[PDB]
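Participant:
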Amino acid sequence: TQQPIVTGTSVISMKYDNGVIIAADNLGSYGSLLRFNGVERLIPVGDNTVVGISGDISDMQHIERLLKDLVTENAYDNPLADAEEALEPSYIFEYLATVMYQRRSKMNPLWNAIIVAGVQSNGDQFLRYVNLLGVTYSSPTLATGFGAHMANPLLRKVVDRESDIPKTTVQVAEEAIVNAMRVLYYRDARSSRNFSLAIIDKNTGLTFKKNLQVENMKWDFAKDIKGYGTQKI
Amino acid sequence: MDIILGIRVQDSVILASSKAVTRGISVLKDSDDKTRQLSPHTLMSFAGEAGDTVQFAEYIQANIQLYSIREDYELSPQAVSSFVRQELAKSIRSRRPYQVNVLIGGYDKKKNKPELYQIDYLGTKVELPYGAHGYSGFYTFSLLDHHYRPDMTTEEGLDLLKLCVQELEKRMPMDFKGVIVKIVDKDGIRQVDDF
Amino acid sequence: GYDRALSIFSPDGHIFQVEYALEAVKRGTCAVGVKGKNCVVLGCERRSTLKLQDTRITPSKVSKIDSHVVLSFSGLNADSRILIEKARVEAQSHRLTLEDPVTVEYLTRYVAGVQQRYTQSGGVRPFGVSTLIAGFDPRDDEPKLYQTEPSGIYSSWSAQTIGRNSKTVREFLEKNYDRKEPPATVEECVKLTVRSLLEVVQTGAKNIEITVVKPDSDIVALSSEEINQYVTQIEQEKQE
Amino acid sequence: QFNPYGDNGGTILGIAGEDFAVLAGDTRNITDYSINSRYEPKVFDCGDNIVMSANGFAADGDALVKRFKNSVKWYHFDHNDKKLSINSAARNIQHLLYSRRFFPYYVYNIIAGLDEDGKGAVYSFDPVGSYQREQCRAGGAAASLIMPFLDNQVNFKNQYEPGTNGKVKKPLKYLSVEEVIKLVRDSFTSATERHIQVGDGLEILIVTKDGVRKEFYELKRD
Amino acid sequence: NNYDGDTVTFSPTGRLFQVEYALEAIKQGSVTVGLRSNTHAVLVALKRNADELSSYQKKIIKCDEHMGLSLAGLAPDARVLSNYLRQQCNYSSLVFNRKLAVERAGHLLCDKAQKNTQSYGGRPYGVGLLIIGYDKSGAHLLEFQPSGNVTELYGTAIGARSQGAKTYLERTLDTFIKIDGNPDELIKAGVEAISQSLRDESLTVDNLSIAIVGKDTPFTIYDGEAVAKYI
Amino acid sequence: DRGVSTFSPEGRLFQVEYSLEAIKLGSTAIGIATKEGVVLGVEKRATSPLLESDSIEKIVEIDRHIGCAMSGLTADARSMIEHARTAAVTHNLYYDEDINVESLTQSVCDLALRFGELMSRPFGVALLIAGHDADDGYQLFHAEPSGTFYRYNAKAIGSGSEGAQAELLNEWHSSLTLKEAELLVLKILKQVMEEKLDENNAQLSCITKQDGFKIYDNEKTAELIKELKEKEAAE
Amino acid sequence: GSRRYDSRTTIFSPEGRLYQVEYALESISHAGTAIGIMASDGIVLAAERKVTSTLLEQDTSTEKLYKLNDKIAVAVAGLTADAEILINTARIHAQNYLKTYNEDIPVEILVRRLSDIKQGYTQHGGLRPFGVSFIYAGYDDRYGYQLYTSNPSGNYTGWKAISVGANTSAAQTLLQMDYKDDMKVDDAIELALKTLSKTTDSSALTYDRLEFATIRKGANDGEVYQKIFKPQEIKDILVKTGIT
Amino acid sequence: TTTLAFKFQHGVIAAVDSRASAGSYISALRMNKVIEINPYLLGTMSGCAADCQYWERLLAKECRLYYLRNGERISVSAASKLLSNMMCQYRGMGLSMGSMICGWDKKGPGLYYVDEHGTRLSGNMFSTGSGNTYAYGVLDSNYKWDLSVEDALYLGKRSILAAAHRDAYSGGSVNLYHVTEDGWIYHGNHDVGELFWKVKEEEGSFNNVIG
Ligand SMILES: *[C@@](C)(CO)[C@](*)(O)[C@H](Cc1ccccc1)NC(=O)[C@H](Cc1ccc(OC)cc1)NC(=O)[C@@H](C)NC(=O)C1=CC2=CCC=CC2=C1C
Ligand SMILES: [Mg+2]
Ligand SMILES: [Mg+2]
């Protein structure tokens, strides 16, 4: 049993017609202190999977290393490591889910919430969540922490059910994700303006965008707001 | 369990032990014998936490019976009492101690003397002319202090014991359902069927 | 730990270490067991090479396992103590867990199981001991007499002998013991046990030990004078 | 302090017919006041014509099902592809649950299938392993809402035959699969109205001698 | 001679005699044949009986839905090694949600057998195995020897008189590899191959044992009247 | 000396092969399987007339539906029987059912090769395991110290095994009744035994679906012996 | 592997004997003779030091006679180093018993314990046995004065008089001849020394070649006293009995 | 729960209710609180349902192994002691199990009470569970050794009814057993709802209740 120290906030994601999108900000908070401003919380595994992690950063760095070692180990005595016997999103997820549930069963958890996003061999979209309790679930949209409360409602307006996935394009899905990140910057006190975004498409492959910023923000209406009730000046 | 008394007279040791057993708010049994024969001339009564009492007594019984067979010889009451004390003193610093208080009444055939030992769950041993455990002594020791002589007969010992039980029955809030009385002397161990 | 396999099969299908343990039993002093109608008697030889012995304190050949069961043996004396101790511990362990004393058959099965375990365990040699286990089951008046041996096999016997010159005394028992009508009394049972030992013992002085076991935990050992009276009566009838 | 347990909501329902059995459950997964998924399957085909659902803490429920599915696999290996009977599966699951008597699987488990005489069977468990064969059982969040309804509409409790006035009970006629599915849908529709953790979807697994069949029905998403 | 007392001793020419003696146990064992195409993989095994009252010892063991093997030599050692494979196949599924690759299964068997050839006290395995399977890279056939050596092949045979069946497969190589989408014809080629190792005795209904795995075909074993079709 | 788990140049484990020689020295045990039940019979072979023959227990119950006969170093069988009984009842605990005869036999045979430098040597005893289950019906197995087990329609083990097996070769057919099998075991036992066969030096037993495993009384066997003598004198 | 070099210390011969035990006894037969004689009013322990030197410090030396507790002592025959291992174990066992039961350990119980340790080395462990034979002289309130002997086999027996070490055959014959049941300590002292004087391989028996001890109730009233004799005291008792 | 069991002239009666609770919620109306260990041995259940089922079925395994090793049925005294020793291993670990071991052996009919503390008591009459006080009231005032089988079965049945009525965590139905020297005999499942009204009319009891 521990407590989280340096933490990362929301990770959000959704499915679209030809793949999946996932995004997360670049902040490492130390309680109320916005201590570290260059932290990457999206970690690619091969060219077909991206693991997004929130929660304790020291435990994130540990998981980051497990995945790096997993790739190394899969290549051992495997001539088809870059082809038929390459790592799949479903393999990577189940490994992590096994680890998370084992650690909680020893009362020494990895204080994280993880979303594994990717595209399988047969072109099928993969999007599944797992956390410090070993709890797993899948949905057309997934989000951690504050994103669960604020982002999912916005992303579910685009993809409310499974049948809406083929009707959703990558431009629409990316637009929805970027809007959701802006909303989180408005309303999450442990969030940052700077973030990273990853798209895994079954045709165009893995696109990893860094150093993105929240833009087109509305603040002008603040000038007119005065006092807390009766004050006019 | 509740009340266990002991008294050493001229030529014997007398042990009196309550008959009640309670779980929750119900008295499950009113004829329970809270004692085990360790050897032909050594008797041990016991009282403490549920379950632990019998388990401990039977464990001691087995060890003394094993000694008797191995050496073809009965251990002295003093030797048995020391063995029991060590087991309790060993127990008190264990992960889960055995919460048992005992009286050991024996007749030493070598010295031709009755002997009564009082041992609590901590491993606190004392040789006494009369003894008790828990709250029993609070009511009875004043009577024993007054009436006890070392040259008393077995019959006089039983009469003084009846007086102790009557006082307990008057001033104790708990109903312990009377006592089973046993006598330990040169001829061995016998039970007083009418008390 | 020392794990060496000492007891192993040979090309002809024999375990020599177990067979050599039987040779140690053959060297041991003679022991005999005879069960009557309402009793069992255990006879034992004492070799008279050892005089100046203190018979008060010298380990007796017959050992009580519980108040109702006894064990005698032939072979290595030191080895027998280990089996007797284990047996005594198991007897108390059985009373503690099942609230009944062991049956004679159960105790025998345990001792035989120990002997067997030492024939296929690493780093140990077999017991150079054969035992005669006798007694009466709780609340039962039928006599019980069993035999065990180093290999671990056991069986029940109307009468049996083990140790040195056991071949001779077994020969005597086979012609003298009648199954249809066994020794009806204690006297007849003891007399037959003494007679059988007199075929082998040498002198009938302090060389013969007798132990009578009756039902309901009634076990007694005969003295020198009591046995000497049997020795006197047997030879006086023989002079004819 | 770290709490190793959680509550993912949901509700399940098992009913045994004369020659069939059903095991139903909603497809909603939740934490506190949020929805995780509107379609996260909870009832599984475990092989040998057995269906199972472990409702409560999803992580423990997924582990138990995963373990039992594994137990079935090894039963075939060790015993010459013998079919695991529903009664043998129930006893096996008791031992899986009691292996964690001092760190329990936080789930209410139900299995359904056919017994060795071809009759419908439902077995029900508590979190620590006590089990028993039953005719009707609802488990999970809305179990207390649904069970009384089943006592009334399946076992005809408190129902008497008109005219006699309480002297003669309603006879215990068996139910068809079509009549049972109606009771299941009405049970979940009613539970969805009055329980906030219940909704989104309903998945029913029907078991007959012919095999395992699925049926899906939408529920209110509020 | 002086260097065959245990597995921990090289001979002066660099040979391990205990391993070679374990290899000898395989040659005494009954014949079994393995072969594959691009779609399916087949095992064919000649079962052996003690006498006419006895049953015919089983030769083929299932490891997973997509993998299994046939044995030749000490049957109990095959049970140990097949149990290990079952566990490894199962570890891959439970942890990684991944069907174990046949090539990786061979690597695990090699390493398990090797440990027994380098340490004091233990002994080498006294059995040879033919592993078939269908994974993400198609159909596969492996040959396991208790020296540790594992080999991927198009076809092979092990056991007594196995050289006859091995020669047949070496001639038929170009034909049977092309038998795609036709399980019955691939089995026919295996039954015809194992027939080259027979003397005196012939293939009867309770003598022959066949197993198959493929694209849309789980690992299944055929015994009894189920193989009468191929006699 | 040499390793316990050593291979011979022929590819056999020395110790396993030597244990088979010990089994050849053991007393004869015979088993015959029929559609009405499986019969198990043994030679007691008392070493002396003072030995109470009824204490010779070479036929043993494992479960209500499984029985067992032994031959060789019979002391070694006790731990095997203990394991078998535990395995049978443990499976009943885990699965609320009877255990298959084959699965029970496999559990016993798993102990066989657990020896090295675990126990120090193989078992010096062979077992005939007979029983009944719903899947495969009436079954008879022969469990060796090699870890191998064969199913048999009929089987003999012990000192007179090869002579008895040849006799079982001719006599056994698929339509045998239980009564016919009983007499057949007695016939072959009488043929290979040194001493004259009677109810005291030979024992019968059987396993049926209805009554389960039963050891025969000496009075019951005596009648079957008398019935045998008369039918042999009939032609 | 290592099997090649294993002597196998715990096995039977074809005749049913334990090789190492028999060879240990052969070792002990070359050791200095030790004698024990039990009387009605006490016990005597006498023992012969092996070919000593004039430069050996005798008054501080101890190779034969050891004290286990206030009531029990032992005479040693064999490897002294092996004996000290066992002696220290026996000293501990006696104290364990005293702590547990608050009574001095009965002689036989102590003897059985040591003999059980010796037995273990003959049946398991693959180690050589202890090349030691003890004579136990002790007293308790059950059996009174007691003499025992144990040997490497782990077998122990009780005695009225007994010898271990060298020339036991000759020594036992002499003891069997002159011993009587009504004998006293002063007489037993004389018998012990006379027996050693005749069996010894040395030219003459002197004070510097002897260790001597008595266990007497000859202590003030009902109690027992151990007396380990000093060099000058052994010299005096040699003159008194008329040997020097 | 309410369970009871008592010895009498013609063997031993054993009666239990069938209710199960999860707080105020009645989780089961018809649960089996008796286990048939063997044809001459019974076991009652009170406390944690899981603990009762697991340990009493583990006892049955161990009692069965006794028969195979010894060729003889286990005694009631020995069976009760095996169970009490199981309880002593998990001493203080949080088990909740109150049981009566009923049976017939060589000493005649036998009855032992065993609980999670390792307590083991021999006696003629016992009653466990949340409603045992109500059952004891009827038993104590109506029990005799000279009871007929018919009257004895009714007593145990009527005693459970008394508890089912007053105790909120007791009810559902009554399961009856009668142990003889030929073994135990099941005397059926009796719904309390129907049984109450029947007993009220025939006996004249429960006058305060309206029906
Ligand atoms: C009285 C009802 C007391 O409440 C009985 O003691 C009864 C005994 C009993 C019932 C069934 C089987 C054997 C014995 N005990 C209970 O019902 C018991 C009460 C209880 C609760 C909690 C503790 O912990 C200290 C002890 C005792 N209740 C349970 O054990 C509860 C947990 N059982 C269930 O809730 C339950 C639900 C369920 C669904 C399907 C099948 C079985 C189920 C159970 C046992
Ligand atoms: Mg005190
Ligand atoms: Mg809502």
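Protein sequence lines correspond, in order, to chains M, J, C, L, E, D, B and K. Sequential numbering of the first sequence, starting at 1, is according to the entry's author numbering. Sequential numbering of the second sequence, starting at 1, is according to the entry's author numbering. Sequential numbering of the third sequence, starting at 1, is according to the entry's author numbering. Sequential numbering of the fourth sequence, starting at 1, is according to the entry's author numbering. Sequential numbering of the fifth sequence, starting at 3, is according to the entry's author numbering. The sixth sequence runs 1 to 117, 125 to 242 under the entry's author numbering. Sequential numbering of the seventh sequence, starting at 1, is according to the entry's author numbering. Sequential numbering of the eighth sequence, starting at 1, is according to the entry's author numbering. For each residue, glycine too, the CB sits at the ideal point set by N, CA and C.
(1) Is L/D32 near ligand 3, going by C-beta to nearest heavy atom under 7 angstroms?
(2) Classify M/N211 as buried or exposed, calling it buried when 16 or more other Cβ atoms lie within 10 Å of its own Cβ.
(3) Within the present structure, is the beta-carbon of L/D200 separated from the nearest heavy atom of ligand 3 by less than 7 angstroms?
(4) Just to confirm the assignment, what range does the beta strand (DSSP E) spanning E/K138 have?
(5) Please identify, using Cβ separations under 8 angstroms, the residues of the segment 82-108 of chain E that lie next to chain M, in order along the chain.
(6) Within 10 Å of its beta-carbon, does E/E172 have 16 or more other beta-carbons around it, so buried, or fewer, so exposed?
(7) Please list the residues of the segment 196-214 of chain D that have a C-beta atom closer than 9 angstroms to any C-beta atom in chain C, keeping them in chain order.
(8) For the segment 87-119 of chain C, enumerate the residues whose C-beta is nearer than 8 angstroms to any C-beta of chain J, in chain order.
(9) What do you reckon, are the CB atoms on E/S204 and E/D225 nearer than 8 angstroms?
(10) Does DSSP classify J/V181 as helix, strand or coil?
(11) Do D/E52 and D/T28 come within 8 angstroms of each other at the CB atom, strictly closer than that value?
(12) Starting from the Cα of C/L76, find the closest Cα among B/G120, B/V111 and B/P106 and give me that residue.
(13) Sorted by chain position, which residues of the same chain lie with C-beta nearer than 7 angstroms to L/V177's C-beta, five sequence neighbours on each side aside?
(14) Among the candidates K/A22, K/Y186, K/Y25 and K/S18, whose CA atom is the shortest distance from the CA of K/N32?
(15) Jot down the residue ranges of each uninterrupted alpha helix (DSSP H) in the segment 191-226 of chain B, minimum 4 residues, whole runs only, in chain order.
(16) Can you pull the DSSP bridge partners for D/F220?
(17) Taking only beta-carbon positions, decide if B/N155 is within less than 8 angstroms of chain J.
(18) Pick out whichever of B/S115, B/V21, B/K50 and B/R3 has its Cα sitting closest to the Cα of B/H30.
(19) Which value, in whole angstroms, describes the spacing of the CA atoms of residue 241 of chain C and B/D116?
(20) Using 8 angstroms as the cut-off, can you tell me whether the segment 85-100 of chain C makes contact with the segment 63-74 of chain C, which would need three or more C-beta pairs spanning the two stretches below that distance?
(21) Helix, strand or coil for M/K15 per DSSP?
(22) Interface residues of chain B around C/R4 at Cβ under 8 angstroms?
(23) Over what stretch of residues does the beta strand (DSSP E) that includes E/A74 continue unbroken?
(24) When Cβ atoms are compared, which residues of the segment 47-64 of chain K fall closer than 9 angstroms to chain L?
(25) Shorter than 7 angstroms, the distance from the beta carbon of L/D222 to the closest heavy atom of ligand 3, or not?
(26) So the beta strand (DSSP E) L/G140 belongs to, where does it begin and stop?
(27) Is the beta carbon of E/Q147 closer than 8 angstroms to that of E/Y170?
(28) For J/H133, collect the residues of the same chain with a Cβ closer than 6 angstroms to its Cβ; drop the 5 residues on either side in sequence, then sort them by chain order.
(29) Look at the Cβ atom of E/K49, then the Cβ atom of E/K64, and state whether they are nearer than 8 angstroms.
Facilitator: On the basis of the data shown:
(1) no
(2) exposed
(3) no
(4) No beta strand (DSSP E) contains E/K138, which DSSP labels as neither H nor E.
(5) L96, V97, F98, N99, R100, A103, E105 and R106
(6) exposed
(7) none
(8) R88, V89, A91, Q92, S93, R95 and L96
(9) no
(10) strand
(11) no
(12) B/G120
(13) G17, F20 and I206
(14) K/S18
(15) none
(16) D/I214
(17) no
(18) B/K50
(19) Limits of chain C in this structure are 1 at one end and 240 at the other, which puts residue 241 of chain C out of reach.
(20) yes
(21) strand
(22) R3, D6, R8 and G126
(23) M69 to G75
(24) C48, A49, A50, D51, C52, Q53, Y54 and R57
(25) yes
(26) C136 to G140
(27) no
(28) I4, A47 and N101
(29) no
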